[PDB]
Structures are given as structure tokens and as C-alpha cells.
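Fold and contact review
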Amino acid sequence: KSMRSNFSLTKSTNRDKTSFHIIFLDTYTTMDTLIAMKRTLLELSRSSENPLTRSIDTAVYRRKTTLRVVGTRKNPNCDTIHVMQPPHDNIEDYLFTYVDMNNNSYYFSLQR
Amino acid sequence: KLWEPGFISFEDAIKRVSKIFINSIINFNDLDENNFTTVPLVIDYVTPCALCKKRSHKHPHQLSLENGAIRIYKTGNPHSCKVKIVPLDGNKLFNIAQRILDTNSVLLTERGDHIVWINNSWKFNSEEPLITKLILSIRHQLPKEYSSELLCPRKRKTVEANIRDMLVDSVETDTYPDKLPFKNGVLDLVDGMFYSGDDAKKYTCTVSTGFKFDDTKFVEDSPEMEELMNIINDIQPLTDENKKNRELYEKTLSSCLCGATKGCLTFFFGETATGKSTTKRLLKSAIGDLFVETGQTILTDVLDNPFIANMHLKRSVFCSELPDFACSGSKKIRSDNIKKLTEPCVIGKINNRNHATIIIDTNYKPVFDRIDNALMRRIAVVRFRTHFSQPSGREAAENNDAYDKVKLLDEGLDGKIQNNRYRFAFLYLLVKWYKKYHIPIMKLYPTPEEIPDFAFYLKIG
Ligand SMILES: Nc1ncnc2c1ncn2[C@@H]1O[C@H](COP(=O)(O)OP(N)(=O)O)[C@@H](O)[C@H]1O
Ligand SMILES: [Zn+2]
């Protein structure tokens, strides 16, 4: 419920290559949990019939993870830019590094 | 430049190779187009290695470029890890489709149709295309990296589309006339050899009798063979008077196994209870679906019509009970059909191949509206002169000049032949007669000196 009821989406300016990022605001966890998740994410990508499930970039799960910021060009010579999308008009809704644990927000972590 | 960007964007190739490595890559950032064959790939082995399944690797892996692919290999001990390959050209489904065509399991004929090789027989359908059934059947004959992805239905539709769009040129089917096709193989007639498996594949036989061939029955001795001779001896006596008619009958019987165009039409002429329908049923039971009974329409009703389109690739068409065309209120044979039904391709997709022996049974000598010299060359008649009547009316049949012998009727033969009891012994007889007459040439000779209507022309001569 925390990740479904609150999330934001970014849209890229490249139309031939559909590039999108979805960030669930009310869910928080440690990064090692993401690294452990990468396994199950790969199995879900291989098993699900949804075409989008194939195109998940699991290689982003790496030390010092880097992602293009909304409103910023990917490369100095490239014009593919991720822009604002409705209904979320706050840039803080598009930054995974931003942490805001409210009553609706949920946090979890690995036992070990 | 150690990378040739003629295959795939270097970023996408690095994404693929990283996806192969389930463990996190440490120096992912420094891999560029001018170092990817040089710097070792140091990996943080949090999880087991995606290639060697061990806890970790003592030495880092390395990449090489060769034959339009990336070879992933471990340094130090080579045998301690599995070599891996990343391709760069071709949709994997296109490779699968190329492999499937490569097997020659799916072909197209001149009819714009597609025949497949499922379960040791050339299946074919038009209403429901069945390339995808072939794909399921053939996934066992491919490596694992193809079988794993032939399961999803949409991928199979894609592979079917690729196969459709690559099969351009048409092949010819049914070129061997001396081969009898079953559902589990093909029997050769020149030899006694039976081919079951990929040996039956070379003969593109798109029709079958409909029953499996059995080697335990097709021997010679048989529990049924002796009374089969008894029956054939009774229906056709082995006498000096009914001598020529005997081999004529055997030739007509054997000409139903050869898959070529037949040059004559045979008439079974006999009175009531002579065994003509007995031979009809014996042939039907012996050759399965290759025997077809048609109506009288293809004789008296204009051809150009399911009764003329269902004879496509049938090897025997039998016509029943011409209703006394000699008397009034009847339509004659209209010999234009005799002109038409013998020439190789039957019009009635209006073109069909003619491999059928046409045998017509009658009790009365039939008449044509017009008599021509081309009818002299393609008509033969078989005389039946043994009566199988009830005990009550034997004498009333023994005083008739239309019979040379009267025999006691047996009521159990119809059920037994309907049960395919004489299915294989009679086929053995057919093969024996075929080797006796139709090797190396099959051709049928007419008997103009038998039909009474042809006597008047002989009276003219
Ligand atoms: N050799 C034979 N021994 C005993 N019964 C025999 C026989 N040959 C034929 N029959 C039987 O006598 C009848 C003659 O065969 P059928 O094919 O019906 O004769 P037909 N009406 O077409 O001249 C059938 O009922 C058949 O079962
Ligand atoms: Zn390894």
C-alpha cells in the first residue's frame, strides 16, 4: 500500500527509446536490501509476461549508484532529458535520496 | 579504438554483459571503447558467480572480441570457470526460425499451402494453420537456449511469421507412384521394405490410408490368408474359361495402389449376389482413406462440386449402382466425362491431381449417348459369374444362364471384413499381383470386344 498509493513518474524526451523512471515515495529501505532484491528482480523480469518487465535495468544496482536527475541532460552532447510529469509538481517526489518517513510511509530492512 | 561500433552501441553491450554478471561490477565506469579488451573485470562476489556457480573467483574475468561476439573468460585457472558468449547480431527468434527451416520440417506446395512434419507424417491444414504445433514438436531438437523461449505463445507467433516470410520457393509433392503411405511410415511396393521415421520423410506423401502398418500380420501365412484365397477363388474361379478375366481382375485390383494417372476405366459387370460389393468392401478395408465412394453426379451431372474435389490424391474411386441407363427415364454416361476423368489434372483451387483408379459396378450393360473411338481405348469390363444365394432359392439360380456356379451364402463375412479381418492379407495379395504385373511399367489395357454397344461399331467394321 505504501508504494502503490504514493509514487511519481518521469518521462524522457527520447521517443524512439521509451525511457521512464518510477519512484515510490512512501517506501524506504537500506541499499543492501536493494542489492539483495536484484536477484528476485531478475527472476521476475525473466518470468513475467509483461514486456516492460524485460526492460528493467538491474545493472544500476551498484556501489555509488548514479541516475540522471529530472530536468537534466544525460550527456553534454545529448538532448535526452527527463522532465516533470503530473500530478506531482515537487522535485522532491523524483529524488530517491530524499527520505520523508510519515505515518503513511513504511520502512523496512534486512534482519542481517 | 578497441570497439567497432558496427554491431551494437557500446553502452548496450556493456548493459548486456553486466546483466549476465548477477554480482555487482566494481569498475563498471571505466569500460570504454578503447579499454574493454584490456582491463580485468573486478567483481564484488556478494552472490555466487553467475558463470562458475562458486562462492567467488580468485582472479577477475576478462573480455575478448571475436567473430562479432564477446567471449567472457576467467584469468588464472581456465577450467575453473565456464566460458561465456555474448552475441551482437540477429534477433534470437530469427535464429530460431532459421534453425527450424533448416531442418526441412515445414514446406510449402504449389497450392500456396504449408505442410509440416509432425509425428512421422506430413500433416497439413488450411482452416487452422499448424506451424506453431510444429514449433512445439521440434523444440526438443534444439539447444536449451531456444527451448526455454519457445514456450511463450507470442514468441511462437513471431517465429511462425519469420518462417512464413522466409519460405519463398515451392516444392513438388507426391512424386513417387509406387509408395503406399500410412500414418506411421511408407511401404515400398517394388520391394517389401517398410520405411518408418525419417526414411518416410523423403517421399513427400501428404495423404495416408489411415491405419498403422503392422509387421506381425504382413507375413504371408496368416490365420486369415487361407480363407482369403478361398473367398477369392469362389468369387473368381481359377478355371480355364474364367481365366483371362482372372488376371484382368487382379490387374484392376492392383492398379489401386500405384499413385499415378491411370489410363483406363474398369466396369464390374455381374448379376445380383456376385461379390462385387464384397470386393468394394475388401478394397476399402485394405487401403483405408485412399478408397472413396462417389455418387452418380460425376457421371451424369455437370462437373464444373465436392464429389469432384474430394478425389484429390485419392488412389481409388468407386461408383455404385448405375440405375439402368439402358431403359427410359435415365441420363446416359455422357462420354465427355470419360474424356475428362482420365486426363491427368481434374478441373473442379479448381485443379486437382488424379491418382485414382475409377471402378464402376453395374448389373446391366450401360450405354453412352455418343460412341467414339477414344472410348475404344479406355474401357475394360470384369465379368462375375459365381452366385452366393440362400439355400431356399438355389435351384432357381442354378437354372439361370447368367451364372456358372452357385455357392452357399455366408452371413458372417460382412461383419468380419467390416472388422478389417482381411485387411493385411488382401493387401499382401495386392502387392504380390503388383509385382507380377506393374513392374516396371503400369498401364491398363481396354477390352472393347466385350461391351455390346461396341459390337455394332464392330458390325460396322
Ligand atoms: N465366397 C463366399 N462365400 C460365402 N459368402 C460369400 C462369398 N462371396 C460372397 N458372399 C456373400 O454373398 C453375397 C454376395 O456379395 P455381394 O458383394 O453383396 O454381391 P453383389 N450383390 O454385389 O453381386 C454377400 O452377402 C457376401 O457376404
Ligand atoms: Zn567464475
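The present account deals with the structure reproduced in this document. (Residues numbered from 1 in each chain as written, not as in the entry; some residues may be left out. Chains lettered and ligands numbered in written order. Part of a larger assembly, values for the part shown. Heavy atoms only, no water. Residues with missing side-chain atoms left out of burial classes, pairs and counts.)

1. Quick look at the coordination of the zinc ion (ligand 2)
All names here are of chain B. Here the zinc ion (ligand 2) is held by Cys52 (SG), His57 (ND1) and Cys81 (SG), and the distances to it run 2.5 to 2.7 Å. Mapped onto the sequence, the residues coordinating the zinc ion (ligand 2) show the spacing C-x4-H-x23-C. Of this pair, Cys52 sits in the loop between β2 (43–44) and β3 (61–66) while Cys81 sits in the loop between β4 (69–74) and β5 (84–87), and the two are 29 residues apart along the sequence. Assigned by exposure class, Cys52 and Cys81 land together as buried. (Donors = N, O, S within 2.8 Å, 3.2 Å for Na, K, Ca; no water. Helix = DSSP H or I, 4+ residues; strand = E, 2+ residues; numbered from the N terminus. Buried < 20%, exposed > 50% of the residue type's maximum accessible area, 1.4 Å probe, protein only.)

2. Notes on the packing of aromatic side chains
Two descriptors summarise a pair of aromatic rings, namely the distance from one centre to the other and the angle between the planes of the rings. Residues and elements named next belong to chain B. Summed over all chains, the structure comprises 21 aromatic pairs over all chains. Judged by centre distance (5.3 Å) and plane angle (70 degrees), the rings of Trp3 and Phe36 are edge-to-face. With a gap of 33 residues between them, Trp3 in the segment before α1 (10–20) and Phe36 in the loop between β1 (24–25) and β2 connect regions that are remote in the sequence. The same class applies to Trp3 as to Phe36, namely buried. Ring pairs connect the aromatic residues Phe182, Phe194, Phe211, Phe213, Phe218, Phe424 and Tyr428, which therefore count as one cluster. The side chain of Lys251 reaches across the aromatic face of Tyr437, ending 5.3 Å from its centre. Here the guanidinium or amino end of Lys365 rests over the ring plane of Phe269, the centre of that ring lying 4.8 Å away. (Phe/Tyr/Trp six-rings, centres within 6.5 Å; stacked < 30°, edge-to-face > 60°. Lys NZ or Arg CZ within 6 Å of the ring centre and 35° of its normal.)

3. So, the packing of helix α6 (residues 225–235) of chain B against helix α14 (residues 423–437) of chain B
All names here are of chain B. Look at α6 against α14: their axes get within 9 Å of each other, and the N-to-C directions meet at 65 degrees. By the criterion of interaxial angle, the relationship of α6 to α14 is roughly perpendicular. The two elements α6 and α14 cross, and the hand of that crossing is right-handed. Taking contact as the criterion, the partners of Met225, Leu228 and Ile232 in α6 are, on α14, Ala425, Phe426, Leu429 and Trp433. Of the residues belonging to the contact of α6 with α14, the class tally is seven nonpolar, no polar and no charged. (Axes fitted to C-alpha atoms, helices over the stretch in contact; angles between N-to-C directions. Parallel < 35°, antiparallel > 145°, perpendicular 65-115°, else oblique. Left-handed = near helix turned anticlockwise from the far one by under 90°. Contact = heavy atoms within 4.5 Å. Nonpolar A, V, L, I, M, F, W, Y, C, P; charged D, E, K, R; others polar.)

4. Looking at the pairing of strand β2 (residues 20–24) of chain A
All names here are of chain A. Side-chain alternation along β2 places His21 and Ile23 on a buried face and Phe20, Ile22 and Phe24 on a face that remains uncovered. Note: strand β1 (residues 7–12) against β2, five bridges, orientation antiparallel. From the neighbouring strand, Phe7 faces β2, where its bridge partner is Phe24. (Pairing = 2+ DSSP bridges.)

5. Quick look at the site of ligand 1
All names here are of chain B. Near ligand 1 there are 16 residues, and of these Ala273, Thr274, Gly275, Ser277 and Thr278 occur at the shortest range. In the environment of ligand 1, an oxygen atom lies 3.0 Å from a nitrogen or oxygen atom belonging to the backbone of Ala273. Here an oxygen atom of ligand 1 sits 2.7 Å away from a polar atom, N or O, in the main chain of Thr278. In isolation ligand 1 has 560 Å² of accessible area, and contact with the protein removes 81% of it. Every element with two or more residues in the shell around ligand 1 is listed here: α6 and α8 (276–287). By residue class, the composition of the shell around ligand 1 is six nonpolar, five polar and five charged. (Near = heavy atom within 4 Å. Polar contact = N/O pair within 3.5 Å; in protein donor to acceptor, adjacent residues only side chain to side chain. Areas by Shrake-Rupley, 256 points an atom, 1.4 Å probe, with all protein chains shown as cover.)

6. Comments concerning empty space enclosed by the protein
Leftover empty space is mapped by rolling, across the atoms, a probe with the size of a water molecule. Here the largest cavity is characterised by a volume of approximately 120 Å³. Lining the largest cavity are 15 residues, with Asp174, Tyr176, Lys179, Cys205 and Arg315 of chain B positioned closest to its centre. Broken down by element, the residue count for the lining of the largest cavity peaks at three residues, all from strand β9 (residues 179–181) of chain B. Counted as a void, the second largest cavity has a volume near 100 Å³. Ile35, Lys38, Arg39 and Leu42 of chain A together with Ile22, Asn23, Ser24, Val46 and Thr47 of chain B together form the lining of the second largest cavity. (1 Å grid on protein atoms, 1.4 Å probe; cavity = no way out; pocket = protein on both sides within 12 Å on 5 of 7 lines; lining within 4 Å. Points joined across faces, edges and corners; volume = space filled by probe spheres on them.)

7. So, the sheet that holds β9 of chain B
Residue and element names in this part refer to chain B. The strand order across the open sheet built from three strands is β9-β10-β11, with neighbouring strands paired in antiparallel fashion. Each end of this open sheet is capped by a strand with a single partner; those strands are β9 and β11 (194–195). Two strands pair when backbone bridges link them, and strand β10 (residues 186–188) and β11 are joined in this way by two bridges, in the antiparallel orientation. In the strand pairing of β11, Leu187 is matched with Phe194.

8. A word on the environment of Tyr73 of chain B
Residue and element names in this part refer to chain B. Mapped onto the fold, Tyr73 is located in strand β4. For the pair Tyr73 and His61, spaced twelve residues apart in the sequence, the C-alpha separation amounts to 5.7 Å. Discounting residues that sit within four places of it in the chain, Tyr73 has contacts with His61, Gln62, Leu63 and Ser64. Side-chain polar atoms of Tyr73 contact the side chain of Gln62, separated by 2.7 Å.

9. Points about the interface of chain A and chain B
Each side of the interface is counted separately: chain A has nine residues, and chain B has nine residues. Applying the counting criterion to the chain A and chain B interface returns zero salt bridges. For the side of chain A that touches chain B, a count of residues per class yields three nonpolar, no polar and six charged. (Salt bridge = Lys/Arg side-chain N within 4 Å of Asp/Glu carboxyl O.)

10. Digging into the environment of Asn50 of chain A
Residue and element names in this part refer to chain A. Checked against the element boundaries, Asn50 lands in the loop between α2 (31–47) and α3 (51–54). A relative accessible area of 40% places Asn50 in the partly exposed class. Separated by 49 residues in the primary sequence, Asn50 and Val99 place their C-alpha atoms 30 Å from one another.

11. Notes on helix α3 (residues 131–138) of chain B
All names here are of chain B. Among the residues of α3, those classed as buried are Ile131, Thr132, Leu134, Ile135 and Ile138. One side of α3 carries all its buried residues, which in axial view fall inside an arc of 155 degrees. Contacts made by the buried residues of α3 are with α2 (92–102), β6 (106–108), β7 (114–118) and α5 (153–166). (Arc of directions from axis to C-beta.)

12. Here we look at the sheet that holds β5 of chain B
Residues and elements named next belong to chain B. Pairing is antiparallel across the open sheet formed by three strands, whose spatial order is β3-β4-β5. Each of the sheet's edge strands pairs with one partner strand only, and the pair in question is β3 and β5. Averaged over all adjacent pairs, the angle separating strand axes in this sheet is 25 degrees, with direction ignored. One ladder, built from six bridges, connects β3 with β4; its direction is antiparallel. By the bridge assignment for β4, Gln62 is matched with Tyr73. Set on the sheet, α1 makes contact with β3, β4 and β5; between it and β5 the angle comes to about 145 degrees.

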